[PDB]
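What follows is a single chain, given as structure tokens, in the form deposited in one PDB entry.
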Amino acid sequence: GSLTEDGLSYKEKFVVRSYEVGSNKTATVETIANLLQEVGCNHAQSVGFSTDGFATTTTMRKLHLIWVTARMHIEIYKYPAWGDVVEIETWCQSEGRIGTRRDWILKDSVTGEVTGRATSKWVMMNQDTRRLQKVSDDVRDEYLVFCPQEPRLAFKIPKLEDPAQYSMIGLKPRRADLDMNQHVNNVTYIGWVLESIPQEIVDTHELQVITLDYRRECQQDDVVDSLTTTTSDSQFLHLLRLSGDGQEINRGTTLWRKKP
């Protein structure tokens, strides 16, 4: 991949792998989310962020701050097949004191058609206490020079009430689910949300839209319950909570289209 001529966005092509596809031999949404993360990381490196950790500015490092995902919204029009080339363009924009947005557009590299879109809200937090911080002028000024400054857009979740229609309990991360800092990878939470979708829905529908809020992390030694209720196309409300009716981890919604 590479920066675009103006230096304010990044493009990368990916060839969909054998193990990245599901039963229709198209990329899973977890594969798409992994590719979104990878092109974001390669963008960060291309504009001078670290080649051996996740992106931080100089002032973030001084203050022990990291970027963490607060919300992810993905819409897929067509999932790419095994062996297809998908090209993803990504960019960031300042969200003032709130945080930082990363947007993505997915294209079929052969047709040039848009096959999906995504946006994410990232917030600052202290890596040790996990307490949120507003973006200071020093941190914003460090990264603003890598962002378009005029708007460039790729485009409330309620709490599931007991009893859940569907559940998958006792979900636990294995080492493959952990990132280079031994934190649960953000894509693992997408997989866990979808685990409580009945298999018959997955067999007969394609996921068109997912919206996920990220409230708290699952630690390596935590156990998660995935809860789903039908709200309808098929639409669902989702809640991930720590085992034992503990803290909410994630809430979300999905929209599914019947297979052709």
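Note that residue numbering begins at 1 and tracks the sequence as displayed. We call the rigid core the largest set of C-alpha positions that still match within 1.5 Å between the two forms. Residues that one form lacks are left out of the comparison.
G48 is built in all of the other entries compared, counting only those with both neighbours built, so it is not a gap in a third. Missing coordinates between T51 and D52 amount to none of the deposited residues, so the segment is unbroken.
According to the PDB entry, the deposited sequence contains 4 to 9 residues between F155 and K156 that lack coordinates. As the entry records it, the average C-alpha temperature factor is higher for 180-188, out of 180-188 and 89-97.
The question of which stretch, 189-197 or 52-60, has the higher mean Cα B factor is settled in favour of 52-60. Taking the PDB entry at face value, the top CA B factor among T31, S226, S234, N42 belongs to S234. In this structure the maximum Cα B-factor among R140, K134, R102, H73 is found at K134.
Ranked by C-alpha B-factor against the other modelled residues of its chain, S9 falls in the lowest third. Among the modelled residues of its chain, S18 has a C-alpha B-factor that falls in the lowest third, as given in the PDB entry. The entry lists a Cα temperature factor for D213 that places it in the middle third of the chain's modelled residues. For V202, the recorded CA B-factor ranks within the highest third of the chain. Only modelled residues enter the ranking.
Among the modelled residues of the chain, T111 sits in the highest third by CA temperature factor in this PDB entry.
Not on display, but discussed next: the form deposited with a small molecule bound.
Residue contact check for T229: none of its heavy atoms lie within 4.5 Å of the small molecule in the entry with it bound. Taking the partner from elsewhere, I169 is found to have every heavy atom lying beyond 4.5 Å of the small molecule in the entry with it bound. Contact check for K62: every heavy atom lies farther than 4.5 Å from the small molecule in the entry with it bound.
When the small molecule is considered in the entry with it bound, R152 lies well away from it, no heavy atom lying within 4.5 Å. Identified as moving between the shown form and the other one on the superposed core is the stretch 244-246 alone, made of at least three consecutive residues whose Cα atoms shift by 2 Å or more.
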